[PDB]
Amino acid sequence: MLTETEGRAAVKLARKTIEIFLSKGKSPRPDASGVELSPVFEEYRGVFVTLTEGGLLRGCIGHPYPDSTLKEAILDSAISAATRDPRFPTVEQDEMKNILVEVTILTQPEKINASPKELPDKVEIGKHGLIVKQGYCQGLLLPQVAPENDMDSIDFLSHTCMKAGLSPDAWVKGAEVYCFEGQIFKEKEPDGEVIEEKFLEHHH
């Protein structure tokens, strides 16, 4: 989990990277964006960068898996959010002064160390996201999936298993299960104050 300070740096970094990229058509050097980044940005974790304009979605791309360091993923996601979202036209430079940035940061996935019959009780609906990995098969469902679609812990484990391409009961037979959380930091005004949204799901 990121502190308020780290959360603020996250959005500032996303905003900076985009503005830099919209100007010189090139991404900034990871450690030379003009934002102080604590060592947490070196951790491998997923993230999503959301852009809103006039209260409407303007673009959003992200890394669900911790395939990249937080730093790299923010850079890539932010530039992708403003220029690679096929649902929207590329954002122009002067548009950013009217665009609001949102950064959803996922925690480093940690293996739930329990026995098959204990797993349901260790999976918290509304807080946890899951990754099921067995052999070379891997699958994941974001935290909002379970609460927004009325799934209990047993349901969540089973759907994530099938998401991985495995049998729904794979978790019952010992499939490796990892859990992770998320947090959202967002601009209250362009380049302004940053607020934190604890809930990733709309409804539960």
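Note that residue numbering follows the sequence shown and begins at 1.
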### Message
Please compare 59-67 with 175-183 and name the stretch with the higher mean C-alpha B-factor in the deposited structure.
### Response
175-183
### Task
Could you settle it for me: does 73-81 or 93-101 have the higher average Cα B factor in the PDB entry?
93-101
### Query
Considering only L140, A32, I154, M162, which residue's Cα atom bears the greatest B-factor as recorded?
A32
### Query
According to the PDB entry, is the CA B factor of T50 in the bottom, middle or top third of its chain, that is, lowest, middle or highest?
lowest
### Query
Lowest, middle or highest third: where is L106 by C-alpha B factor in its chain?
lowest
### Summary
Entry-reported C-alpha B-factor of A114 relative to its chain, by third, is highest
### Query
With respect to C-alpha B-factor, does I125 fall in the lowest, middle or highest third of the chain as deposited?
highest
### Task
Sort the modelled residues of this chain by their C-alpha B factor and say whether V194 lands in the lowest, middle or highest third.
middle
